[PDB]
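*Asks:* model this:
(one chain, ligands or ions: 3)
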Amino acid sequence: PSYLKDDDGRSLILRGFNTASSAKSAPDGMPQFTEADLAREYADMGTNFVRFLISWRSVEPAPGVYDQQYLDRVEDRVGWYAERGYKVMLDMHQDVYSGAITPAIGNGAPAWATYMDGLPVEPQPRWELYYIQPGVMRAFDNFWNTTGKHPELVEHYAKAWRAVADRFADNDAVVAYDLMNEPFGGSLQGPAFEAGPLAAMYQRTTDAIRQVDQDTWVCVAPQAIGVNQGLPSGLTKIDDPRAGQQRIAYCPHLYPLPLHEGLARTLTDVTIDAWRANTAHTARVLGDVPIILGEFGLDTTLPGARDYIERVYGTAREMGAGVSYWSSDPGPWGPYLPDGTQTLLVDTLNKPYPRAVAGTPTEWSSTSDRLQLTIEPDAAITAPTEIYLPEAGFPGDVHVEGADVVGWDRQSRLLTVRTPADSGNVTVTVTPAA
Ligand SMILES: OC[C@@H]1[C@@H](O[C@@H]2O[C@H](CO)[C@@H](O)[C@H](O)[C@H]2O)[C@H](O)[C@@H](O)c2nccn21
Ligand code: NA
Ligand code: NA
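*Replies:* Residues are numbered from 1 along each chain as shown. Ligands and ions are numbered 1, 2, ... in the order given. What follows is the structure:
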């Protein structure tokens with residue numbers, strides 16, 4: 001596997017949340033999420049990544065006019081993450097195109113960009129079913145210019161991304177731009193969509209972003225319907241005009257149809273197998289790119305939930321993939337119920353992991369009181385390997401074999417170690433002091 005790298009050249013293992021669905025409907029475009037909430041997340045789980053929801057409606061409230069005050073608010077939030085050592089992926093999020101699909105249900109595009117052409121959008125028993133209503137299908141068909149009537153929409157979209165990238169190009173905490181949440185092709189589905197207008201939009205948007213930001217990873221998703229459930233993607237390679245090596249990453253989601261016992265469990269397990277094979281294939285097509293699992297999640301109160309969650313994280317680890325769990329929002333899917341009570345997720349996610357490795361991590365494992373990591377060395381890297389250790393399992397000092405301890409910060413929970421680069425692959429083993 002391939003990895004995103006920090007400015008020190010260290011390979012990043014990214015663990016965090018989507019933050020947050022509450023931003024979708026907020027007049028000011030911000031999530032119901034405070035700096036204190038982030039402090040809690042970090043204290044409880046030691047996360048180092050966020051998929052932070054932004055929106056086209058908030059960036060470009062009128063055609064060609066970008067809201068710099070909205071971008072100020074996003075920058076403020078990114079600052080909270082920066083202060084606690086997080087890396088940020090900005091997600092241009094939509095579901096069912098826009099809030100403008102009914103006089104609420106959807107989110108994303110501004111009203112001026114929403115052309116349903118008077119076609120109906122009748123109430124449906126599940127939010128996902130709004131995708132196939134005539135007005136929503138038309139809204140997307142117009143956006144992709146399948147209708148031939150709105151070539152301007154993708155152009156506006158690309159330049160709205162350019163505006164965001166112009167603001168965040170020199171932001172040390174931002175590592176990735178996730179160009180579109182769950183692309184939906186309307187009347188176009190499969191390879192016709194993904195290799196056609198979807199790829200074309202990604203290319204135009206990448207090109208626009210690269211007018212103002214040369215180093216942030218541009219993250220592209222397959223179409224969500226089908227691919228979320230373990231079907232292959234027909235997405236094609238996107239060219240990165242930046243000088244030097246490509247910085248494109250692949251950011252699919254994982255949502256098995258059964259969702260965890262009986263035949264449902266078997267179906268979900270083979271879904272993971274299928275999803276892994278397809279994800280690896282498309283990551284190769286795109287240029288042997290890094291993978292970020294941009295969303296997965298479920299109601300943690302379902303029997304078998306922990307086993308599913310642990311299997312997904314094991315699979316991500318084996319694939320060298322980042323993970324942003326859906327989502328930090330209050331409720332049984334998330335780490336906290338509305339009153340602040342921890343769900344099963346906190347203890348499940350709160351495990352040691354390498355955050356930033358001085359070399360390629362070839363394999364690693366962890367339990368509550370042990371971490372082992374093997375590193376393919378890189379003599380050019382001078383920064384130490386940086387590792388999270390939860391206080392539950394590591395209440396005092398550390399015992400490290402295979403590396404020299406550089407620092408052990410018992411407050412931030414960050415262990416830093418140093419390994420040789422001229423001795424082949426190095427295995428580091430971390431256990432609690434006796
Ligand atoms: O349904 C859970 C999530 C979904 O959030 C869901 O979006 C819906 C529509 O905005 C909201 O009503 C829900 O409150 C929210 O949890 C993600 O926006 C989407 O990318 C996805 N794909 C699969 C699952 N999910
Ligand atoms: Na409109
Ligand atoms: Na950056």
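
*Asks:* mind listing the helices for the stretch 201-350 of the chain?
*Replies:* 262-285, 305-319, 344-349 (DSSP state H, counting those that start in this stretch).

*Asks:* and of those, who's closest to ligand 2?
*Replies:* helix 262-285 (33.5 Å; CB to the ion). No exception for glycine: its C-beta is placed from N, CA and C like everyone else's.

*Asks:* so the closest one versus helix 305-319, what angle?
*Replies:* 20 degrees (axes from the mean of the first three to the mean of the last three CA atoms, to 10 degrees).

*Asks:* and the contacts of helix 262-285?
*Replies:* Residues outside helix 262-285 that contact it (CB atoms under 8 Å, 6 or more residues apart in numbering) are 2, 222, 227, 229-233, 235-237, 250, 252, 254, 256-260, 289-291, 304, 308, 311-312, 315, 319, 321.

*Asks:* which among these count as buried?
*Replies:* Buried residues within the contacts of helix 262-285, counting neighbours by 16 or more other CB atoms under 10 Å: 222, 227, 229-233, 235-237, 250, 252, 254, 256, 258-260, 289-291, 308, 312, 315, 319, 321.

*Asks:* the residue of the chain at minimum distance from ligand 1: neighbour count?
*Replies:* Closest contact between the chain and ligand 1, by CB to the nearest ligand atom, is at residue 95 (3.7 Å). Applying other CB atoms under 10 Å, we find 20 residues neighbouring residue 95.

*Asks:* looking at strand pairing, list the partners for it.
*Replies:* residue 107 (DSSP bridges).

*Asks:* that one against residue 183, yeah?
*Replies:* No: counting by CB atoms under 8 Å, no contact exists between residue 95 and residue 183, whose distance comes to 11.5 Å.

*Asks:* off-centre distance for stretch 304-323?
*Replies:* The chain centre lies 14 Å from the centre of stretch 304-323; the measure is CA atoms, centre = their mean, to the nearest Å.

*Asks:* distance check, the most centrally placed residue in the chain against residue 56.
*Replies:* In the chain, the C-alpha nearest the mean C-alpha coordinate belongs to residue 294, at 3.3 Å (CA atoms, centre = their mean). For residue 294, the distance to residue 56 equals 17 Å [CB to CB, to the nearest Å].

*Asks:* do residue 421 as well
*Replies:* From residue 421 to residue 56 the distance is 45 Å (CB to CB).

*Asks:* more neighbours: which of the two?
*Replies:* residue 56 (23 against 16).

*Asks:* quick one: residues contacting the more buried one.
*Replies:* 92, 94, 108, 109, 110, 113, 157, 160.

*Asks:* could you export those residues to CSV, including columns for neighbour count?
*Replies:* Shown next, in CSV, are the contacts of residue 56 (neighbours: other CB atoms under 10 Å):
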residue, neighbour count
92, 21
94, 24
108, 25
109, 27
110, 20
113, 23
157, 23
160, 25
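
*Asks:* what about the nearest residue to residue 19 once chain neighbours are set aside, how many residues nearby?
*Replies:* Nearest residue to residue 19, sequence neighbours excluded (CB to CB, 6 or more residues apart in numbering): residue 328, at 4.5 Å. Residue 328 has 27 neighbours, counted by other CB under 10 Å.

*Asks:* ok, now residue 427?
*Replies:* Residue 427 has 15 nearby residues by other CB under 10 Å.

*Asks:* distance check, the residue in the stretch 201-350 of the chain that ligand 3 sits nearest to against residue 281.
*Replies:* Using CB to the ion, residue 216 is the residue of the stretch 201-350 of the chain that sits closest to ligand 3, at 5.4 Å. As judged by CB to CB, residue 216 and residue 281 stand 25 Å apart.

*Asks:* with residue 118 instead?
*Replies:* 41 Å.

*Asks:* could I get the helices of the stretch 201-350 of the chain as JSON lines with distance to residue 127?
*Replies:* What follows is those, written out as JSON lines (distance: least, CB to CB, whole Å):
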{"stretch": "helix 262-285", "distance to residue 127": "22"}
{"stretch": "helix 305-319", "distance to residue 127": "22"}
{"stretch": "helix 344-349", "distance to residue 127": "23"}
